[PDB]
Structures are given as C-alpha cells and as structure tokens.
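To keep things clear, I will list the structure first and then write my remarks on it.
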Amino acid sequence: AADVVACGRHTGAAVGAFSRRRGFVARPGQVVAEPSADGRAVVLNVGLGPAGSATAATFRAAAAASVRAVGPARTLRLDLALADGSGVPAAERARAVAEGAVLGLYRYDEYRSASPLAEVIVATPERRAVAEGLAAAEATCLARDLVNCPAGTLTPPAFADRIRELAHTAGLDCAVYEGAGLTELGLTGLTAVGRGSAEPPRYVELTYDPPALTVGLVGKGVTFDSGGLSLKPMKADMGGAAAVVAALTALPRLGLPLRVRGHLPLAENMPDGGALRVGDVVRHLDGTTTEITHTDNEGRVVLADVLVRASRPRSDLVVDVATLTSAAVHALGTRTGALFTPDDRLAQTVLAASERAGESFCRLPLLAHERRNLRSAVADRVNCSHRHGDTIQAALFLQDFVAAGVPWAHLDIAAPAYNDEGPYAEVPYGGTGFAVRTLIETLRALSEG
Amino acid sequence: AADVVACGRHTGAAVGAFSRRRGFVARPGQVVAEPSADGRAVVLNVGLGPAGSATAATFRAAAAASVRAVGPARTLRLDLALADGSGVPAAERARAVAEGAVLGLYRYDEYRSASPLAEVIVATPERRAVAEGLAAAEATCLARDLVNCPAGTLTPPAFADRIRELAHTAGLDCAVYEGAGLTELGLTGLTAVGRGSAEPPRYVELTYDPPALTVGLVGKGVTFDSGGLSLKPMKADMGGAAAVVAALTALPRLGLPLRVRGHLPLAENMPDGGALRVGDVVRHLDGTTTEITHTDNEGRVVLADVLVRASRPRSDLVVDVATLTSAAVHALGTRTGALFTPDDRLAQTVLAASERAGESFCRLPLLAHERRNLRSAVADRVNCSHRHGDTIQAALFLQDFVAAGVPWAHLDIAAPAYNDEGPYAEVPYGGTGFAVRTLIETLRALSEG
Amino acid sequence: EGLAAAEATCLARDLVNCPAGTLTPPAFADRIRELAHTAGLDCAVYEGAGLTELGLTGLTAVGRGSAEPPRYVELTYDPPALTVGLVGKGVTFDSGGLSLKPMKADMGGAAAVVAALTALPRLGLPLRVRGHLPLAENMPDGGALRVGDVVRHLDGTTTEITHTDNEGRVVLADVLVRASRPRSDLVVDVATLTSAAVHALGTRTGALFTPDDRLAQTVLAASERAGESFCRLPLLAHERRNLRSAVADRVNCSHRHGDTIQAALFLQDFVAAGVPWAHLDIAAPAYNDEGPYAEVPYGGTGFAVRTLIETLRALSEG
Ligand SMILES: [Cl-]
Ligand SMILES: [Cl-]
Ligand SMILES: [Cl-]
C-alpha cells in the first residue's frame, strides 16, 4: 500500500472540510496533507490551478511539490496525471508528472558526511509516456550531478573516464583523445587554453548510431574556469558538455531513428607560469587566427576548432551548447537561455522543443553590424572586444568556424545552467541540467521529419 | 470555539499516528496540522525540542511558528505555555508565548493596494505574564511600523507629530522643539546635519513620570540618511529613536516606579547646495569642537549635544540607542548589537535584560588607545578617522559629551534594527523593533534596585 | 623573567619580519628544529610521505599550489598533571590563492607559539606543553586549490572551498582534530585568521573566543599582566547558519558579514567533545603598519607571546 497518495485538484474541485479549513484553494503547487479516509495513511491535495490555464509545466511543478511534501513515507503514489478537464492530453500529463517527480526528488549529498522513500509510482494508463518522462528526467539529473561535482573530482581526465563508462552502458561509440593523439587533431584552441592547468585537456567523441539524418552536438567542457591570467569580473562552466553527454545517454532508451555525434572538448582555465597570455595568437584548424585579448573568453576559443572538425566535408546539422557569456544574463535574467541560428526553420524547431520541455529560451539575432567588434589589429579576429554586445559577438565568432552550407544553432546557457538563487518548482539550488530536455525534444522532432 | 488549537510538544511526547506519519519529531518550531479528535476543527502539534534544553526563546519562536501556520482560521488558542517539564517557569513560558504570537502575526501592509484571524488566545493561569508579554510585543511592533514607514511619510516634522499623539495616549509629558525654539537649545550638531534637507529638523523630549531613580534615554532619529555630500559606501537610521519611543509608550501599562525621559533628535541627512560640508567645524553645546571629515558619520554629531543636554547638572543614568556604525556588523554579524559602558554593573544589567528579552548583544571595550583616532588638525576631534575601529571610535566620541560622573551606556544597533535577509522565528523581513524589549527589561531591573 | 619574555617576543618579531623567500615552510621547519635543540625540546618535523600519513588534508590542499612544499612540526616542552596543546597558524606567504585578497605576516600565530615554547625551559614551569605548527604557502598556480573543491578532513567531515583566501581555518581544522584526539587537557590556537576583526576592534586589539568562562578570565587577566589588548567575542549560535554548504558539511566562507565569529565556529567543529579550548585571532596586532609607539616597532610585533607565557604561568599554578 502507498503510505502517501497525491491527488491533483483544479480550482473548484471538491476537497474535505479539513482541507478547506487549512486554506486549500488549489493554487498551482499548493500542498495540504491530511489523513486518508480509513485513517491508516496520508493524502496530499495538490493544486493544479484553473483547468483552463493549466499546462504541462503545471503538472511538472505539482509533481515536484508532491515529492517534497512526502515526509518520512516509504511509498508515494502520484494520481496527478488522472486529473482531466484541462487541455493537457493524458500522455502529456503522464510524461510531465513522471519528470517532475524525479526532478523534485533530486538531491546531491555525495560530499556530506553522515531517504526512507523507496518507491514513487505514477498512476496512469499512459505507461509509454511515464517511461519517456522518467528517462528524460534521469538524463537531466545526470547532468546535474556532473555540474555539482567538485572540479577536483571532475577534472578533464576524470570527466573523459566518466563519459567512457557512460558510453559503455549502451555501447555508444566513444573515442577519448589525450596527449600526442589529441595534438594530432589540431584543436589548437583547446590545447592553448588548457595548458596553464596542471590537469591535461581531453577531447571526447561520443556517437549514437542505432537513418538519413546525422546531427552533431558540440558541448563546452571547461571543468574549472578561474578566468586565467586576465581574471573574472567556476566549476559550472562544463554545463554544455554535461547537457550533451546526458542527452546522448537518453537516446538508446528512446530508440530514435537518428544518428547523433557528441563532440566534447574538456579543459581547465588556470593562471600559471605557462598559461595562455593576453596578446597570444591561436592558429585554428581552418587556418584562421584569433588574438587573445581577454583570457576569460576562453570558451569560444576552445569551441572554434571543434566546430571546424564537426562540420568538415557528414553531419546534416550542428548544434553547440555552452555556458558562454555573462552579458546574456543582464537583459534576459537568470532563467532564460539564448538561441542563435541563421535558419528560421531550425529556430522554430528548437523553440517549440523548449516549450514542450518547460525550458525558457529567447532567440537573439546574428547582427551583421556586431561583426565589426570582432576586428583585430594583428589576427583575423579577437576573442573579446571590451565593448557591449559580447553575447552576440560570441555567436558571430563561433559562426565563422561552421563550414559553409551546414545548418547550425548555438545555445548560450550560462545563467540557467546553475541556480544560485533558491530552489523552485522542479529546479534545485546548484546544477540544473538545463537544456538536456530541450535537446532531447529537438532530436525527437528532427528524427520525425 | 477555537478553529485552531496549538499544542506544545517536547521531544518524546505522544502525538497521533497521522502526526508521526508526517514526520513530526518535535523540532523547535516544527508544525504539523491535523484534524481535531471530533473532526470539526484543527490541531497544530508544535515542536519545543528537548525539555532539558528549552528556553524562553524556544517558546517565543514556537508561538511565532504557530501563528504563521494558522491558515484562514478566525480563532487560534495557543496551549504552548501549558507544556511543563522544561526548566522555564510557568510565568516565563506565558510571557514568551504571548510575545511570540504578537511578533509572529506582525504585517506591514499599509502601502499595498487591495486577515480572517480575529482572536489569538493564550491559555495559562499566568494572566499578568500574558499581559506583560502582549504589551512588550505591541511596543516592539510600534517600533517596527515606524522603521518600515517610508521616509516621505515619516519626515522629521511628521515623526514629531506622531510622538506627540503617542504621548497623549498616556499623558506622557511631551515637548516638541522646532524653528527658533529649537535654535535656542544649542543642539548645533542636529541643526548642522539637518540643514541640507528640505525637511526641517525637530527635537522631542518625552517623559514618563508616574521614584528616586531618573533614567535618560537618547535615541537617534535620522529619518532618511543619504550619506550627505560624502555619500555612503536609508529610512532605517531612526531605529534608535523608534526603540526609545516604543519603550516609553510601554511604561504606563507596566507601572514601573521609575522616572524616564526620552531625548529624540530628528533630521534628514541630504546632499544639497546648503548641506553640511567636509571640513566644517561644529561648536557643540559644551563649547568643544568637531571637524566633519565624512558627512556619512552624522549620527554621532547629532547625538553629541543631546548627550550634553541629557547629562547636564538630574538623570542618574543615561542610555543612548543608535543605528550608528556599519563597522560593527563586519565582525559581530547581522543579528547582534554592540554594548559600550565603563560601568561593569550597568553592563551586566543590560546584558541580563537582553537575555530575558531574547535579543543578542556583545559588550565591546572603550579602548583608550583608539582615542588617538579621534585627533583633528583643526578641531578638538574628528567624526571620522578613515581607519579601522570606527565602532569603538564612535563610542569614545559619544563618551566625551556625557557629563563627568554620570553612568552611561551606548547601544549600537545598526545591523539588527533592519532584517534584509529572510524572516525567521519571531522576526520579520524589514524593521525589527530591535532593542525595545531589552530597554523594557533594563528599566524593569533598574526600577527594582 | 622580563628579559626572557621580551627575548621570546623579539624571536617572534624576527620570524614575522623575515622575507617569505628566506622563511619558506621548509626553512621555518629547520629553524624550529634548531631552536628546539637549544633546550632539548622534543621536535618532530613531518614532510613528504611522512606528512601525508598524518592525514592533515587541509594543510596539503592549501599548500599544493606553491613551489614550496608544506611542513608540519610538533614541538614539546616536557620538564606535571596538566598538559596544554598550542596550535599556531604558519602560512609563510599568503597571496590569497586563486580567489585573490581584497602577506609574509600570516605566520604570526606559529611565531607566537614557537617563541612561547622557547621561553618555557628558562622559566621552568611544572607544565607539559605541546606546539602543533602547520606551515605552508598559499599561491596561485596551475595546480592550486580551486573554488568549489571539497576537503575531507581527518575527522571524516567535509569542507567546501568557497573562497581560497580563507585558507587558514582549513589548514588549522585537521591539526585541531589531531591535537584534541583521545591527552591534552586544554587546546589554545593562535592565528592571524580574519580581516573582519579589525573593522570594529581596531588595529591593536586581538579577538578571544572560548566557551569556557573560567578559561576566558585566565587568558584576559594574562593579557592584562602582559600589556596586550584582547576582546572576548561570543560564539554566536545564530552564526552557525552561515557555515551551511549546498555540497559539503560546511563552507570556509559565507560571503556575509560576521566572518570573525564564523571562523571561530568553524574551528570549534574540529575540537574533540569535552576538551576545553580557546582561539586567539591576532590578524591586526601581529603586524604594525602604522608608526612605532611605546615598546612596539613598525612591522612584526610578536603579539601574543607574552599573553601565552602569562597564561601558561597561571595554568601551571592552578
Ligand atoms: Cl567565451
Ligand atoms: Cl555616526
Ligand atoms: Cl581563514
């Protein structure tokens, strides 16, 4: 038997006298606990708001609120997806409730010294949708764990080792490049940025090959970013690599008819007697040059050569994900990512995917007039203009390295990848796993078309 | 009938199965609501922790937690003070529960556009203690209201008007000095600091004369402090005046055999074409001079002449209360006030009073070697050394103005007067009314001896 | 008695004044060994693999960025029925690490402890005293301690490094575990620990923390005899909330006001249950960067040497 049962209630739905006396008015995520009818167990009444305004995000948030209110129970049954009357179809309700339950239960206690809850059950006939939601949420929590991991544990070599182990679990193809084998690939930005650190850099390629469409995902894996010699105005700057790895791990379970390759440059950015210097010039894999005008804009320099490699003459589409710029957050706020692409059809695909996933993105323009801020007196471009517009300038910088004719999108997720404000809804303090579920929904949509 | 009854539970005390299933373990301030035995009402089980470790502060905090958990109820009965088994005597339990209930219910909604709770009842035979606690808490909430009030509403003239109205309610004697009548008193610091503002300064004396001991209380009433021309590194810098006024309003109800006089300089510190200048010299009521080296250290300059007036050849003791220095907070933190006095017996009286009231103070030394940091090249002293130790230097500065032989204490309450972190226990966000209850307990102790 | 106390103070002044390039952690350990030999104080110096064996994780983590390796020294006066442990912070150069400061004088606590120990054979107190001295540099480097790293201490508890400039408390943690382990009747630590202290206390007064009122009075009266200024600050229970971490058992920096009190509470966690303890935070008065006055020079002052000696004298009588 369930120790606790969570009942979804839209505004106007009947609850008992005790629930009314406690102030239950079905506000989204409001929870009031009471004894079960027979007095042997617990019932949670959980608000879903007005039936007419409810979305999948309402259900996701209500499930997370339910799991947070479980107390010392061993078993919890969520009946939330059985609540009908909203416009959210049964399968969408089931998927969202399953996701919210896993996301809301997430804890990162690995590094504390010194959970009665053994089973969460989602009630619904939509078993496929439950499975899909659990898998998406489990992938999100993998990314959360990677971001939360101290940089001393998750070094570039350790991260490469972890990716290899994850790949083995579905027999994703995995190649790890290190030392002389890495030098051979000509990823000059990665090796230049990574050299100051005592930890050597790594490059990992991770392939799902279950198709007619091949998608390349590029994820920024800076495991610790101190700003280098220039300083910042630090373990979470591998959030892009975390999102890409996690999305790839979810694909074998979903069984999408789509080939997907992950490209993952891993490094630390540290000050040191041998660190990358202001004024240095990097000669990239495509023969073009970048002048290092600020060592804290290292991400774009690392990604450059990987985008050349990923788009070389073959992937039909390349998507990069990176915690790239701080300028983004000033106008967009802390919970919204930035999307760049020249392809309007790809923009709509990514944006609709983010809406299904409950993740907030804003498309920003690849402004031609900001290219003047890439100009260098010495090299082909700079990595920092010291002027306003760095979020757009970084996107334009990356665009230079994507081979002619290859559709491309760039996701700048610096702010929403790490929550330094309190927990809310299904999102914890700290590493969030932001963009995992957007990526999965994007890949699902691309596989259909 | 009570809609809600709050039951105090020490660790190990019996609660029903539902309460156990919800995780009730009697942690201090933990609340679990359940149906009453007959199913017609609500019971709150409220944690009081181990009987052996419980203090009056435990009861105060539990009462505040209870009132926050009332929901939409019209009537609440707190049975918390009936819980025995701790070392806290019945009268102390009753006083603390009454205080915590009022303090925990506090809201400041005067300036919002657009409470079903009509009665809170404290169950106990200790009716005198309940009355004492309600009165102390009501005085605290008066101070909270004054601090929370926007500076545009609570100007120096408006504040003087409010004090006059409060005084009238018990026929405390009240004299308000303004314009030419104020100029006659020779409070040079007050008039110099206040001149930049469009609002004119005020000085108010408020006397409780129901005795053989006469106590003077001096409260800093800067209703808005911009830092003046020097700037800060702002409505809450009248927290000292608020505490003094509120303590005085509580005395007629308590009926202490003690004469108490309040001395309240009120002003704004603003930049302006006619504002106090760096390098200006103030000639005080005692003939000594102060050089203005920083216009943001205006509080000590305002208080100086009032301390001369208050201690002049008569008050047996003078206590000043002021939100004086920011340096305090760096080592003491945001919830602890600083106490200065040369009189060890007075220090113990104030500290024991603060312990009874549940307010945190630390005695700091009047360090003779910090007097060298008061030296000026032009006047008798400076108002700012630009060196470390300003909290101690400010206390030494004030000490200069207290007439020879008069016992004196100074309370620097800058940090705990305003809570800019979240609410906790019986303390809200914003104006706290800090030091009201310490002052009342100090005056009670002095009246006995 | 006065000449000996003053000579010990001047030893501490010399150690603090010494350039960090001369007084490296290995060089400091060598100097302590030589000083110990002069009265045959027992002296053990731990380095390399022998140091790793002691499990002083904070010391080895903080010290790793520097080209200079860390050292740990134990120095014992055993001439008694009372045994006192003294713990002295010996950061020979503190750059702030990767986080930066808002630098050779951050071994003033170790200097005071060493100097006090050297004075005991002359005075002949009937008291056993053990010094515990972690020595390291805090430097930025490709291999330096990172923000977000977690240190697992000798007692099994964990600390999250939220600011690399609060390295002193992290170094002291494991030494306090070792010094108070199941035996010393009392442990006193001395450290140039926090800058927040000085803001309200000024540049010539140290901060004293202890839960034991009788020990507080002993230390304060000793400081009065010695002519050194201390102020007792409270171990505020409500400041413990500022030690909370989202990842580890505690943080080394809250980024909030009250760091002097928070540092004392941090250290308190590592002192074994039931062992009386006091903490002296001497950051400001250990180095005089204002002019000379009275008996105090510009620069290294040897602050707390004479307070420690007077404290040990009082404890030896009772
Ligand atoms: Cl970048
Ligand atoms: Cl002031
Ligand atoms: Cl520290």
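Rounded to two decimals, what is the ratio between the C-alpha radius of gyration of region B:209-325 and 2.2 N^0.38 Å?
1.18
Mean shadow of region C:57-98, computed from the convex hull of its alpha carbons, in nm²?
Mean projected area of the Cα convex hull: 4.3 nm².
With charges only on Cβ, +1 for K and R and -1 for D and E, what is the dipole size of region A:125-449 about its Cα centre, in debye, rounded to 20?
For region A:125-449, the charge dipole is close to 380 debye.
How large is the dipole of the protein assembly as shown about the Cα centre if only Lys and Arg carry +1 and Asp and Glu carry -1, each at its Cβ, rounded to the nearest 20 debye?
Here the protein assembly as shown has a charge dipole of around 2140 debye.
Please turn the phi angles of region B:386-395 into ³J(HN,Hα) values with the Karplus equation 6.51 cos²θ - 1.76 cosθ + 1.60 (θ = phi - 60°), one per residue in order, whole Hz, x for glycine and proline.
Those phi angles translate into 6, 10, 4, x, 4, 4, 5, 4, 5, 5 Hz.
In whole Å, what are the Cα extents of region B:308-357 along the three principal axes, biggest one first?
Here the spans come out as 38, 24, 18 Å, largest first.
At a 10 angstrom cut-off on C-beta neighbours, averaged per residue, how do the peptides A:328-336, C:174-182, B:242-250, C:26-34 rank from highest to lowest?
Top to bottom by mean Cβ count within 10 Å: B:242-250, C:174-182, C:26-34, A:328-336.
Return the tail of the calculated pair distribution for chain C, meaning the percent of Cα-Cα pairs more than 29 Å apart.
Of all Cα-Cα pairs in chain C, 28 percent lie more than 29 Å apart.
Express the relative contact order of region C:232-318 as a whole percentage, based on alpha carbon pairs under 8 Å and six or more residues apart in sequence.
Dividing the mean separation by the residue count of region C:232-318 yields 18 percent.
Hey, got the Cα dimensions of region A:125-449 along the principal axes, in Å, largest first?
Computed over the Cα atoms, the extents are 64, 45, 40 Å.
When N is the residue count of region A:95-160, what does its C-alpha Rg come to as a fraction of 2.2 N^0.38 Å?
Dividing the Cα radius of gyration by 2.2 N^0.38 Å gives 1.37.
Starting from the Cα coordinates of region C:24-93, work out the convex hull volume and express it per residue in Å³.
99 Å³
Quick one: putting +1 on the C-beta of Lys and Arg, -1 on the C-beta of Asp and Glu, what dipole do you get for region B:1-124 around its Cα centre, in Debye to the nearest 20?
Using only the charged Cβ atoms, the result is roughly 340 debye.
So who's got an amide H within less than 5 Å of the one on C:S229, skipping anything under 5 residues away but keeping other chains? H placed 1.01 Å off N, in plane.
C:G206
Taking θ = phi - 60°, what integer Hz values does the Karplus form 6.51 cos²θ - 1.76 cosθ + 1.60 yield along region C:216-224, in sequence order, with x for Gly and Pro?
Values per residue, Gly and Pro as x: 4, 5, 4, 5, 5, 5, 4, 4, 5 Hz.
Per DSSP H run of at least 4 residues, take -39500 (n - 2.57); add these up for the protein assembly as shown, divide by its residues and hand me the 222 nm value, nearest 500 deg cm²/dmol.
That calculation yields -11000 deg cm²/dmol at 222 nm.
Can you give the Rg and Dmax of region B:1-124 based on its C-alpha atoms, in angstrom?
14.3, 47
State the dimensionless ratio Rg/Rh of the protein assembly as shown (Rg: radius of gyration of Cα atoms; Rh: Kirkwood radius).
For the protein assembly as shown, the value is 0.99.
Whole-Hz Karplus ³J(HN,Hα) for region C:48-65, in order, using 6.51 cos²θ - 1.76 cosθ + 1.60 and θ = phi - 60°, x for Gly and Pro?
Taking θ as phi minus 60°, the curve returns x, 4, x, 5, 3, 4, 6, x, 7, 5, x, 4, 5, 5, 5, x, 6, x Hz for region C:48-65.
In whole angstrom, note down how far apart the Cα centers of region B:188-238 and region A:266-296 are.
Result: 58 Å between the Cα centres.
With just the Cα atoms defining each centre, how far is region B:50-102 from region A:310-345? Give it in Å.
Each part reduced to its Cα centre gives a spacing of 55 Å.
Every number in this text was worked out from the coordinates using simple rules, so none of it is lab data. For neighbour counting, all protein chains shown are included, and Cβ atoms are generated from backbone atoms with ideal geometry for every residue, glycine included.
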